[PDB]
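In full-length UniProt numbering, the protein residues as written are 4 to 259. We put the beta carbon where it would ideally sit given N, CA and C, even for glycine. Shown next, in structure tokens, is the structure this report addresses.
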Amino acid sequence: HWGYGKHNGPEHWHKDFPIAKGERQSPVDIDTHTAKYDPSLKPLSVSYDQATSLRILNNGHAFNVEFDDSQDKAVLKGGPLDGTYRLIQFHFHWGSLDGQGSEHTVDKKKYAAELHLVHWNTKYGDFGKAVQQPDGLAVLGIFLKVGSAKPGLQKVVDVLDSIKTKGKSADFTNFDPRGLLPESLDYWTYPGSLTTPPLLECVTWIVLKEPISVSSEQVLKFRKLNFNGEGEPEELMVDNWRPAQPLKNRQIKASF
Ligand SMILES: O=S(=O)(NO)c1ccccc1
Ligand SMILES: O=S(=O)(NO)c1ccccc1
Ligand SMILES: O=S(=O)(NO)c1ccccc1
Ligand SMILES: O=S(=O)(NO)c1ccccc1
Ligand SMILES: [Zn+2]
Numbered sequence: 004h005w006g007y008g009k010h011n012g013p014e015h016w017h018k019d020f021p022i023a024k025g026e027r028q029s030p031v032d033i034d035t036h037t038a039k040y041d042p043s044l045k046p047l048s049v050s051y052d053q054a055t056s057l058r059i060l061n062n063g064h065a066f067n068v069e070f071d072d073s074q075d076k077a078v079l080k081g082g083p084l085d086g087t088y089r090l091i092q093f094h095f096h097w098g099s100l101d102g103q104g105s106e107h108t109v110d111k112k113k114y115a116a117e118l119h120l121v122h123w124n125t126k127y128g129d130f131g132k133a134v135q136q137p138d139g140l141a142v143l144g145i146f147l148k149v150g151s152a153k154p155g156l157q158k159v160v161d162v163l164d165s166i167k168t169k170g171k172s173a174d175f176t177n178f179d180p181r182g183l184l185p186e187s188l189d190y191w192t193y194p195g196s197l198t199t200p201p202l203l204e205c206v207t208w209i210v211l212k213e214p215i216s217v218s219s220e221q222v223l224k225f226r227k228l229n230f231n232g233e234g235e236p237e238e239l240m241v242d243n244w245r246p247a248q249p250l251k252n253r254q255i256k257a258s259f
């Protein structure tokens with residue numbers, strides 16, 4: 004199936020997922036000098052105080068920290084969003100080297116990794132129905148740069164050896180996603196899509212300007228994960244990022 008290898012990578016996805024060449028695909032390069040401040044944007048509200056993480060899973064593409072979304076425990080509101088969006092899971096995209104890893108770029112600059120907190124519009128009832136709507140999802144993207152260690156990420160880092168291969172999962176309760184946010188909520192927003200197949204165009208992207216810093220040791224542990232399942236030839240889980248796609252007929256707005 005799809006992956007990030009030479010024969011099943013981003014350049015091959017379109018054959019099974021035609022929308023890969025669509026009109027609102029993600030990620031995109033964020034040209035800071037073309038994005039315009041938008042006064043109509045309301046203050047962004049990230050309410051993760053009642054978040055309930057459940058477990059962490061290696062799905063063979065990345066690892067997802069899943070949350071209980073049967074109620075409005077962890078939600079995203081405001082900004083360019085209408086209504087309430089429920090956090091369902093978060094994951095990262097990273098590279099084999101510190102100079103690459105992020106999916107979105109800023110003035111062509113690539114970060115070592117990118118965090119994606121996925122939320123679905125509660126007016127659609129469930130994630131499944133949400134991915135059938137143009138405003139069904141909202142993903143908060145956060146860039147990671149190598150520097151000082153990020154305390155709030157260590158818990159994730161230390162559980163990774165228990166989910167080394169595809170299909171493995173482990174309990175991951177009481178994790179606070181607020182520990183992964185930067186001080187400032189300044190952001191850029193634009194209409195986009197999932198950056199992984201099925202590449203559905205149902206996402207309102209909210210990408211924070213301020214990156215969080217993680218240590219070399221922390222990202223190094225991300226790179227020890229496997230794309231393969233237990234017992235198969237080892238393929239390190241690195242460079243699981245989709246490159247920038249054509250912006251086409253879209254405008255990126257800045258909250259600042
Ligand atoms: O998911 S894909 O990249 N679509 O072309 C793929 C490539 C090779 C074999 C199976 C799937
Ligand atoms: O797609 S997932 O991240 N892993 O299965 C998920 C998380 C919460 C609920 C359903 C699915
Ligand atoms: O676009 S993503 O944030 N990363 O590909 C995403 C992944 C799974 C489900 C929704 C969004
Ligand atoms: O574009 S990718 O397929 N995923 O990031 C890639 C694979 C190997 C090296 C760089 C990029
Ligand atoms: Zn992602």
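Near ligand 5: residue i beta-carbon under 7 Å from a heavy atom
{"i": "residue 107", "result": "no"}
{"i": "residue 207", "result": "no"}
Element boundaries [alpha helix (DSSP H), containing residue i]
{"i": "residue 221", "result": "219-225"}
{"i": "residue 130", "result": "130-133"}
{"i": "residue 161", "result": "157-162"}
Alpha-carbon to alpha-carbon, residue j and residue i
{"i": "residue 112", "j": "residue 186", "result": "21 Å"}
{"i": "residue 76", "j": "residue 48", "result": "13 Å"}
{"i": "residue 133", "j": "residue 126", "result": "8 Å"}
{"i": "residue 241", "j": "residue 83", "result": "32 Å"}
{"i": "residue 31", "j": "residue 219", "result": "26 Å"}
{"i": "residue 90", "j": "residue 121", "result": "6 Å"}
{"i": "residue 221", "j": "residue 52", "result": "25 Å"}
{"i": "residue 72", "j": "residue 177", "result": "14 Å"}
{"i": "residue 117", "j": "residue 26", "result": "23 Å"}
{"i": "residue 35", "j": "residue 234", "result": "46 Å"}
{"i": "residue 188", "j": "residue 213", "result": "8 Å"}
{"i": "residue 128", "j": "residue 204", "result": "18 Å"}
{"i": "residue 194", "j": "residue 174", "result": "34 Å"}
{"i": "residue 275", "j": "residue 258", "result": "Residue 275 is absent from the model: the chain starts at 4 and stops at 259."}
{"i": "residue 29", "j": "residue 171", "result": "28 Å"}
{"i": "residue 101", "j": "residue 135", "result": "36 Å"}
{"i": "residue 249", "j": "residue 23", "result": "11 Å"}
{"i": "residue 184", "j": "residue 165", "result": "25 Å"}
Ligand 3 heavy atom lying under 7 Å from the CB of residue i
{"i": "residue 79", "result": "no"}
{"i": "residue 163", "result": "no"}
{"i": "residue 192", "result": "no"}
{"i": "residue 211", "result": "no"}
{"i": "residue 119", "result": "yes"}
{"i": "residue 147", "result": "no"}
{"i": "residue 140", "result": "yes"}
{"i": "residue 197", "result": "yes"}
Nearest-angstrom beta carbon gap, residue j and residue i [assumed within contact, 8 Å]
{"i": "residue 141", "j": "residue 88", "result": "4 Å"}
{"i": "residue 197", "j": "residue 210", "result": "Contact doesn't hold; Cβ gap of about 15 Å is too wide."}
{"i": "residue 147", "j": "residue 215", "result": "6 Å"}
{"i": "residue 228", "j": "residue 167", "result": "6 Å"}
{"i": "residue 244", "j": "residue 106", "result": "5 Å"}
{"i": "residue 104", "j": "residue 97", "result": "4 Å"}
{"i": "residue 11", "j": "residue 4", "result": "7 Å"}
Residue interval of the beta strand (DSSP E) (run including residue i)
{"i": "residue 194", "result": "190-195"}
{"i": "residue 88", "result": "88-97"}
{"i": "residue 23", "result": "From DSSP, residue 23 is part of no beta strand (DSSP E); its letter is neither H nor E."}
{"i": "residue 343", "result": "Outside the shown range of the chain, which is 4 to 259, sits residue 343, and nothing can be said about it."}
{"i": "residue 124", "result": "116-124"}
{"i": "residue 145", "result": "140-149"}
{"i": "residue 173", "result": "172-174"}
Proximity test, residue i beta-carbon vs ligand 1 heavy atom, cut-off 7 Å
{"i": "residue 291", "result": "With the chain covering 4 to 259 only, the question about residue 291 has no answer from this structure."}
{"i": "residue 244", "result": "no"}
{"i": "residue 200", "result": "yes"}
{"i": "residue 97", "result": "no"}
{"i": "residue 4", "result": "yes"}
Check: residue i C-beta below 7 Å from any heavy atom of ligand 6
{"i": "residue 11", "result": "What this structure holds is ligand 1, ligand 2, ligand 3, ligand 4 and ligand 5, not ligand 6."}
heavy atom of ligand 2 below 7 Å from residue i C-beta
{"i": "residue 60", "result": "yes"}
{"i": "residue 166", "result": "no"}
{"i": "residue 124", "result": "no"}
{"i": "residue 92", "result": "yes"}
{"i": "residue 67", "result": "yes"}
Check: residue i C-beta below 7 Å from any heavy atom of ligand 4
{"i": "residue 7", "result": "yes"}
C-beta neighbour in chain D for residue i, strict 8 Å
{"i": "residue 67", "result": "In the displayed structure, chain D is absent; only one protein chain is listed."}
To test your reading of the DSSP string, which unbroken alpha helix (DSSP H) runs of 4 or more residues are found completely within the region 39-90? none
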